[PDB]
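Shown here is one chain on its own, the form deposited in one PDB entry, set out as structure tokens.
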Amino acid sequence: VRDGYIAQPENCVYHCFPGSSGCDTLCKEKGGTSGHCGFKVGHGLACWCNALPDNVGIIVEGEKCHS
């Protein structure tokens, strides 16, 4: 696992609803045991996930955003 800004698979950001509310639940259904909002200057607004496995993934740049 890692602790990171969660995107969407792959090379994206998600967008968070300040509060955490929705994105926290999104983090938990993907499989991070805490999540929050955050901002990652680069792309923009993003969400955060603690204890996501590395077979779930995050902000990357190299490509552009996917799904």
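One-based numbering along the sequence shown.
Although it is not shown, the form solved in complex with a partner chain is what the next lines describe.
Not displayed here, its partner chain is approached by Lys64 to within 4.5 Å at the level of heavy atoms in the deposited complex.
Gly19 falls outside the set of residues with a heavy atom inside 4.5 Å of its partner chain in the deposited complex.
Put simply, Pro53 is far from its partner chain in the deposited complex: not one heavy atom of it is within 4.5 Å. Looking at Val13, you'd find a heavy atom of it within 4.5 angstroms of its partner chain in the deposited complex.
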